[PDB]
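Protein chains in written order, with full-length UniProt numbering: chain C, 6 to 370; chain A, 6 to 370; chain W, 6 to 370; chain B, 6 to 370.
There are 4 protein chains.
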Amino acid sequence: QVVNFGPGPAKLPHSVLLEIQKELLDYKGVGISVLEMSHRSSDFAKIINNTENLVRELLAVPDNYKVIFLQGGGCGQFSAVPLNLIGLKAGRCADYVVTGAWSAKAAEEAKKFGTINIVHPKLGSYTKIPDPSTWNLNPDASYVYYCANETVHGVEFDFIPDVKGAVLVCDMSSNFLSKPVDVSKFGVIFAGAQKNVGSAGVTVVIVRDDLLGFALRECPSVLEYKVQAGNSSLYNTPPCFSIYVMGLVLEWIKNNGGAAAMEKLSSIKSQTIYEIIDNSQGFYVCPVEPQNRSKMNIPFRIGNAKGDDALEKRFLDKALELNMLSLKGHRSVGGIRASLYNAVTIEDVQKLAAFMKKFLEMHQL
Amino acid sequence: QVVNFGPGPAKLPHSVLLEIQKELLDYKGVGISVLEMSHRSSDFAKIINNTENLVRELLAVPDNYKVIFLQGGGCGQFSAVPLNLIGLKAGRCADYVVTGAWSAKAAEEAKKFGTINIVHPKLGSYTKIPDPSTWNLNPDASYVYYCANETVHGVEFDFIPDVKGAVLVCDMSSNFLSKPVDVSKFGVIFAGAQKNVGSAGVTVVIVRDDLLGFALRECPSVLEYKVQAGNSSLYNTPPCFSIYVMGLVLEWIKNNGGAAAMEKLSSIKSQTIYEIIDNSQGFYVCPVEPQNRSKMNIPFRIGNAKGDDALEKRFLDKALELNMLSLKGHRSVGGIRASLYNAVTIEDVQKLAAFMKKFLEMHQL
Amino acid sequence: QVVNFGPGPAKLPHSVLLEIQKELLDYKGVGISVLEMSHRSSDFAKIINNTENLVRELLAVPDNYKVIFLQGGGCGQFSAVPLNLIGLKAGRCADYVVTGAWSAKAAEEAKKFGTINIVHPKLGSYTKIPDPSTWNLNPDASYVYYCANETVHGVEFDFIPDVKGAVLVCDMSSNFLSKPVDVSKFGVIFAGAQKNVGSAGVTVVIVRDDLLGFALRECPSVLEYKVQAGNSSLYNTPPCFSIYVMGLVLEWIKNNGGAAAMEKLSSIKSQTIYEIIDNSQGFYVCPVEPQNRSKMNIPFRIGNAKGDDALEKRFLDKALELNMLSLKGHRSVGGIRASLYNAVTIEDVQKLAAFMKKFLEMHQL
Amino acid sequence: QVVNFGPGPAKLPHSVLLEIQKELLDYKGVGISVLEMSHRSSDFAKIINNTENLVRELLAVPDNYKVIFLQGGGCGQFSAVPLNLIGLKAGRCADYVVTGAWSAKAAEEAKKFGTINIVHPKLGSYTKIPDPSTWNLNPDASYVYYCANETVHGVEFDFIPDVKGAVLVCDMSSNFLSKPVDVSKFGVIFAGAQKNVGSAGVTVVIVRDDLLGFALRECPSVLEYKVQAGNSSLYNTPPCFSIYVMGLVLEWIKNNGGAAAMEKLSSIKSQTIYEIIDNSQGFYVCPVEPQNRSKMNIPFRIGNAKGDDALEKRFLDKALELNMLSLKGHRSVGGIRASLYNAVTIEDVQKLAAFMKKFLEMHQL
Ligand SMILES: Cc1ncc(COP(=O)(O)O)c(/C=N/[C@@H](COP(=O)(O)O)C(=O)O)c1O
Ligand SMILES: Cc1ncc(COP(=O)(O)O)c(CN)c1O
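Here it is as structure tokens:
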């Protein structure tokens, strides 16, 4: 009974994988696979339209927003957001809120297309969100960028930051549809499906329809929002099977209570793991400030704040023999990371909860 | 009993889809799905390395070449080829060989990144290939581009042109691994997997190692050849499932005799359909000249050289009744188009051949 | 599911058996079975003429050759060839090239009508074709006989030998129409139709029209080439149903690309098996020198050169459990033998190759 | 609705053609066709042994008699009988009785293998049997040959002739198993299956076991009784499907009363037509003497003895409108010939009887 705590690609609901297996050779009586299905056929037109309607219903996406499915992953949008939006104002300036490895990597990628100004002082360690009241915002910047949830460091926004009245861009790859979102506050929301809403190969991008037509000339057509929105994400061959998988995962989300229930499940799973760390008497330490602790990714150290390597490997190896996968923290941080996306059930978190209390009972003073 | 003549995405071998189904929940005893498999796991490392080895083995790729798997499809490389290569020489110039709709679209996209020079007069109709002795090639061009197989107009190269020593870029989306290729004579080879080596979502790129480090600054990192070769295509989350699907089709290709056998089958499949056209007494009309006729995509008309709309609808309606799918010609050309890719079997073409004979016998005057 | 690797009689195309089944009671509306059809009727003249034209068309038989259909099988020609041709020169001598079991049988049978001389030294094993330079040819011999393909030992000519201008008689029974043939180089070609062109009961004999009229006095009139050629194979009641079946198989070969396509298909098929043997690391042994390996019959042993009986039985027992018939080698040789004639499809050879690979993976020490 | 009066190949029972059609693709559930079956398999062993058992049962063939199945038809035995038996005595003589065209052909063919003495003077008209007591028999002759039923002239033996202890050979091709036979009185019986007991392609031969081993050197192996009886008709590939068809016809004759009932059913059929001729008052002319009239073939003329070409054409034209096929007389006699073999039912003959009665009533002067 494997329990997959993958960081991305992640666990998919067992119910969904069972339907993908059944329909793999004959999708709902059409006589062919989705892997063989044409993106121009009427069969796939209903698949991609259903996926889009499930994005607009679950997130309550206003009618003045375009929902498109592109390739290239989240790292692809690190280039797509500037190429499409850095030309909103003549200065070609952009403000970036760096709270972890991904918002940092995004700001570096944005330097290829203009002058990038980070809005706050560089944090010594990614352990908190700089107070937005201290944000040095440029009134001539084309947009403001920030990552809602840092998968490696465990820093998550529990608010939508006030950014004057400027265009707001948000990376929700690791917390997409984990909680309801007031979409109207955002200019562009993008998320890789391989984390919380499907399989790797497709990236959902929600754009306000007044931001189309500002893309730079060097923006590749397959990544230009205006081109891709005008063709309903069918400018070229899209990731057909990936969109079909995401729709089934989206269907699973709607059946289990929508975005409102996902947030409640994400509270229970994160709290039970955090309360084991807060009561660990120092044995488990999470360097993130309590007001910004991510509910999707929980990276922690064992024993001491610097990380007892001998104790961590024993934790990983004994978790492996218990069929708990991908608990090893990121390479650039080490330590332990526990990913608690939507597919991760509460029974799966309890196995991790009982295993962490028992491992502390056997190693702590 | 469905016979899928899809043009892209296209038919997959039935033995492959059977394995994808029984392993979909537990890949080779790992305990999870490939859809859940992390791209940083030991398990996916075997899959992506096995796919590369098969690309190198089946095509006999020399050692001085990188094999990377990118996202964005074929049209993604229409932008990635200039972004990475057009700065190879100081002129930012490039030569393109337009033989059909796909090379034409490729030249239009490359204009976003430099000065493009189409090396020949505009063909009144894409029915032939201009002789390469008559090519107005620029000695200062960064590369010479051409599409090996035109999927819409059925025009194919049965030779590697003499570009007078220039770097040669080739689009082999619709004939990749349908015949042996001398990889040494090319600078860059790319192909969308959704046509002949698997499913959509992944694009195989074969690059000569001395052509990295010339990418423009606006080139997105996920599409930069140097960045992805220096990461073995794992710069960000790659299309794991599409790479795993492509790996099986490559295994299936090697089991049926490799690229040398695919050329033998493509000749039998294509000739059995061209024979029916050449001996049709004008009932079936293929406008492509014989020296350039594609062995992958055969477009033709019925009734006359311009196409009897009544006969072509009766043809496509009865073809659907016989469970023969995606025979309808491309929206910009109409008529009929039969796609005979690798997975399309001889018993598939024979069913089509018998239907074309019975239909001509019943409707010719 | 049944996969028929029969040596002869062999498998017939499933489309041929399906048509024979539906016309068995009312052949093309005439109201009777072919089994009831008179050999003097207008309907059967159209049948036997169409069968002769297809033989002339697919093999490109010159106009100065007679195409006659006889009874008695190939072993019947072992007597009809001497009876008709051994009196061509007054000496009544014939030179024979023994390359396997069926050449020796034919050479021994010919000793009942004249003095027979084997042109090459007795080979210790039927594993290689003696170099035509080694042949000790009699300039007074009436003809020179050789077997194109040895069905029991797997030794095949991929050339027409030089016989110093003598009349060349060939036994192509087990490779008839598996490849194009320069008929102008031969004097007499015969082939039992039960191996690669039809069912048992009829033999096709192609004789140059000037070799008629040299038959001995003891030649039965039903086997005399001059008598049957003058009666269009209708001197007596011919095997009507066998000739009807043979015509349908000829039509199936023509619809699948004629002799040229059969050579391409027979190359892919035999390569699939030989590649397993050549890379088996001594687990499969094929004694025939690779330059003389048959593309129709692949005899081999399992374990060692002499063959491990315990392993070969387990192979055949498991193969029979998988509905793969007639894999047992010939009685005089034993071991394994795979017959891959024209009707044996690529998927059929793919089931066998996948089985041999798994069997080698389960028992290789 | 078709009434098949064929002379050979002839009508087969509707019951037999049906089971052949049902089992054509999967004989008794073994997976393959009889056309694909190997003559060495245990499946064909049951077929040929049952066909041998039925012949021995329906004719009461003693144990000292061999039953073999050859190729070459009836005319094949015109040469195989002398080749096997003309050397019983050193003189190489053979006594032949020429009562019609088929015994005349056999006598001329036998001259190729020895000196042939016709036992009676030329008849002038094949209308009677020369008295066996006036037969000029050679006491040193190797055998005595005679045709029991002359298919062209309608002259049948209703007795076994006394040849004074000579080895007796009989050509029962056109009345085989139409009546019981005292096999003990014969040395060799043979019959082409295509006239009374199946379809063309196979010949049954019944030989006393002490008449083997007298074949000349020039006899082909496939036609030597000693060779073929020693291998149980499996010296080479036998007409597998033609032997299988014979087994069903014999099984049909057994289910309908054996030879004893066929003789009495043949009496009803022939008496119906012969009486119409006798009472025709010269409108229908049968020149054969009543004591020697055949019960299988009834040749006659219309109008007068020499034949009215006008009436004989309208008879064959109106018979063709009524679907009464093959009623035209043989090429060497012309006129009309009705063949009343076993599968020809009483209901069939009544259609002919009513037609002849109506034609006479409409054109008799
Ligand atoms: C009594 C008897 N003996 C031998 C034969 C020859 O049969 P085959 O040698 O298998 O053709 C035959 C064949 N008789 C047929 C022959 O027709 P054909 O003259 O061959 O068109 C008939 O009477 O019309 C036969 O009737
Ligand atoms: C939050 C977040 N943002 C961006 C990315 C970039 O990944 P990709 O572009 O390959 O989907 C990731 C992948 N770990 C991520 O977790």
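No residue lacks a Cβ here, since even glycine has one placed at the ideal position from N, Cα and C.
Apart from the five residues just before and just after A:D176, which ones in its own chain have a Cβ nearer than 6 Å to its Cβ?
-> By 1-based counting over the second sequence, the position of residue 176 of chain A is 171. Taken in chain order, the residues that qualify are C152.
Sheet register partners of W:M329 (DSSP bridge) = By one-based count along the third sequence, residue 329 of chain W stands at place 324. Checking the DSSP bridge columns, you'll see W:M329 partnered with W:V8.
Please decide whether residue 379 of chain C counts as near chain A, where near means a Cβ-Cβ distance under 8 Å.
-> The structure shown does not extend to residue 379 of chain C, since chain C spans only 6 to 370, so no value can be given for it.
Is the distance from the Cβ of B:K184 to the Cβ of B:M251 below 8 Å?
-> Here the question's residue 184 of chain B lines up with position 179 in the fourth sequence. Here the question's residue 251 of chain B lines up with position 246 in the fourth sequence. No.
Is B:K200 near ligand 3, in the sense that its beta carbon is under 7 Å from a heavy atom of that ligand?
-> By its list of ligands, the structure shown excludes ligand 3, since it contains just ligand 1 and ligand 2.
Ordered along the chain, which non-local residues of its own chain (more than five positions away) have a Cβ less than 6 Å from that of C:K323?
-> For the purposes of this step, residue 323 of chain C is taken as the residue at position 318 of the first sequence. Taking C-beta separations shorter than 6 Å and ignoring five residues to either side along the sequence, C:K323 has no partners in its chain.
Is the CB-CB distance between A:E155 and A:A111 below 8 Å?
-> Looking up residue 155 of chain A in the second sequence gives position 150. Looking up residue 111 of chain A in the second sequence gives position 106. No, the Cβ-Cβ distance between A:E155 and A:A111 is not below 8 Å.
Closer than 8 Å, Cβ to any Cβ of chain W: which residues of the stretch 233 to 262 of chain A, in chain order?
-> Within the stretch 233 to 262 of chain A, the residues whose Cβ lies closer than 8 Å to some Cβ of chain W are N260, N261, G262, listed in chain order.
Would you say W:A358 faces chain A, with C-beta separation under 8 Å as the test?
-> Here residue 358 of chain W is taken as the residue at index 353 of the third sequence, counted from 1. Judged by the 8 Å Cβ criterion, W:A358 is in contact with chain A.
Nonlocal neighbours in the same chain, by C-beta distance under 7 Å from C:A153, ignoring five residues either side | As a working note, residue 153 of chain C is residue 148 in the first sequence. Here C:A153 has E161, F162, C175, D176, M177, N180 as same chain residues with Cβ atoms under 7 Å from its own Cβ, once five neighbours each way along the sequence are excluded.
Can C:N9 be considered in contact with ligand 2, in the sense that its beta carbon sits closer than 7 Å to one or more heavy atoms?
-> For the purposes of this step, residue 9 of chain C is identified with residue 4 of the first sequence, where counting begins at 1. Checking the Cβ of C:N9 against ligand 2 gives no.
C:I281 classed as buried or exposed, judged by whether at least 16 other C-beta atoms fall within 10 angstroms | In the first sequence, residue 281 of chain C corresponds to position 276, counting from 1. Residue environment analysis places C:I281 among the buried positions, since at least 16 neighbouring C-beta atoms fall within 10 angstroms of its C-beta.
Measure from the C-beta of B:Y240 to each C-beta in chain W and report whether the shortest distance is under 8 Å.
-> On the fourth sequence, position 235 is the one that residue 240 of chain B refers to. For B:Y240, the nearest beta carbon of chain W is closer than 8 Å to its own beta carbon.
So with Cβ pairs under 8 Å, would you call B:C152 a contact of chain W?
-> On the fourth sequence, position 147 is the one that residue 152 of chain B refers to. False, the Cβ-Cβ gap to chain W never drops below 8 Å.
W:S272: first and last residue of the uninterrupted alpha helix (DSSP H) it sits in = On the third sequence, position 267 is the one that residue 272 of chain W refers to. That run of the alpha helix (DSSP H) goes 263 to 283.
Would you kindly work out how many angstroms separate the C-alpha atoms of C:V254 and C:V86, rounded to a whole number?
-> As a position in the first sequence, residue 254 of chain C is number 249, starting the count at 1. As a position in the first sequence, residue 86 of chain C is number 81, starting the count at 1. C-alpha of C:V254 to C-alpha of C:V86: approximately 26 Å in a straight line.
Any heavy atom of ligand 2 closer than 7 Å to the Cβ of A:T242?
-> In the second sequence, residue 242 of chain A corresponds to position 237, counting from 1. Relative to ligand 2, the beta carbon of A:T242 is positioned inside 7 Å of a heavy atom.
A:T208 - partner residues in DSSP beta bridges | For the purposes of this step, residue 208 of chain A is taken as residue 203 along the second sequence, with counting starting at 1. When beta bridges are read from the DSSP output, A:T208 appears opposite A:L75, A:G197.
Close beta carbons around C:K94, own chain, < 6 Å, minus the five adjacent residues each side | Along the first sequence, read from residue 1 onward, the residue named residue 94 of chain C stands at position 89. Closer than 6 Å at the Cβ level, and outside the excluded window around C:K94, lie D145, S147.
Whose C-beta lies closer than 7 Å to the C-beta of B:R213 among residues of the same chain, with five residues either side of it excluded?
-> Reading the fourth sequence from its first residue, position 208 is the one you call residue 213 of chain B. Counting only residues of its own chain and dropping the five nearest sequence neighbours on each side, B:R213 has a CB closer than 7 Å to the CB of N69, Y70, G192.
Find the nearest neighbour of W:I307 within the set W:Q296, W:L332, W:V232, W:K274, judged by alpha-carbon distance.
-> Locating residue 307 of chain W in the third sequence gives position 302, where the first residue counts as 1. W:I307 has its Cα closest to that of W:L332, out of W:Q296, W:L332, W:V232, W:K274.
From which residue to which residue does the beta strand (DSSP E) around C:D353 run?
-> Working through the first sequence from its first residue, we reach residue 353 of chain C at position 348. C:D353 -> not in any beta strand (DSSP E); alpha helix (DSSP H) instead, spanning 351 to 366.
CB of A:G81 within 8 Å of CB of A:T208, strictly | As a first step, residue 81 of chain A must be located in the second sequence, where it is residue number 76. As a first step, residue 208 of chain A must be located in the second sequence, where it is residue number 203. Against a cut-off of 8 Å, the Cβ pair of A:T208 and A:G81 comes out as a contact.
For B:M367, does the count of other Cβ atoms within 10 angstroms reach 16, so buried, or fall short, so exposed?
-> Counting from 1 along the fourth sequence, the entry for residue 367 of chain B is found at position 362. That one is exposed.
Buried or exposed: where does A:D100 fall if 16 or more other Cβ atoms within 10 Å of its Cβ makes it buried?
-> For this step, residue 100 of chain A is matched to residue 95 along the second sequence. By the 10 Å Cβ count, A:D100 comes out buried.
Return yes when the C-beta of B:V157 is under 7 Å from any heavy atom of ligand 1, and no when it is not.
-> For the purposes of this step, residue 157 of chain B is taken as the residue at position 152 of the fourth sequence. True, at least one ligand heavy atom lies under 7 Å from that Cβ.
Min CB distance B:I25 to chain W below 8 Å | Position 20 of the fourth sequence, counted from the first residue, corresponds to residue 25 of chain B. Interface residue, yes.
Which of helix, strand or coil does DSSP assign to C:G197?
-> The count along the first sequence starts at 1 and reaches residue 197 of chain C at position 192. In this structure, C:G197 counts as strand in the three-state DSSP scheme.
Using a Cβ-Cβ distance under 8 Å, would W:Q6 count as near chain A?
-> For the purposes of this step, residue 6 of chain W is taken as residue 1 along the third sequence, with counting starting at 1. With 8 Å as the cut-off, W:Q6 does not count as an interface residue toward chain A.
Whether A:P292 touches A:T132 by CB criterion (8 Å) | In the second sequence, the residue the question calls residue 292 of chain A occupies position 287. In the second sequence, the residue the question calls residue 132 of chain A occupies position 127. Yes, Cβ-Cβ distance for A:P292 and A:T132 is below 8 Å.
When every heavy atom of ligand 1 is checked, does at least one fall within less than 7 Å of the C-beta of residue 5 of chain B?
-> Not covered by the structure: residue 5 of chain B. The range shown for chain B is 6 to 370.
Limits of the unbroken beta strand (DSSP E) element including C:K71 | Within the first sequence, residue 71 of chain C is the residue found at index 66, counting from 1. Taken as a continuous stretch (DSSP letters only), the beta strand (DSSP E) holding C:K71 covers 70 to 75.
Cβ-based contacts, 7 Å cut-off: residues of the stretch 103 to 126 of chain W near chain B = Result list: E114, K117, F118.
Pick from A:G159, A:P244, A:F191: whose alpha carbon is nearest that of A:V168?
-> Locating residue 168 of chain A in the second sequence gives position 163, counting from the first residue. When only C-alpha atoms are compared, the closest one is A:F191.
Relative to the alpha-carbon of B:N141, which residue among B:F320, B:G119, B:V168 has its alpha-carbon at the smallest distance?
-> For the purposes of this step, residue 141 of chain B is taken as the residue at position 136 of the fourth sequence. Across the set B:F320, B:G119, B:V168, the C-alpha of B:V168 shows the shortest separation from the C-alpha of B:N141.
So, is B:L370 buried or exposed, given that buried needs 16 or more other C-beta atoms within 10 angstroms?
-> Sequence index remark: in the fourth sequence, residue 370 of chain B carries index 365 (1-based). B:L370 is exposed by the Cβ-count criterion.
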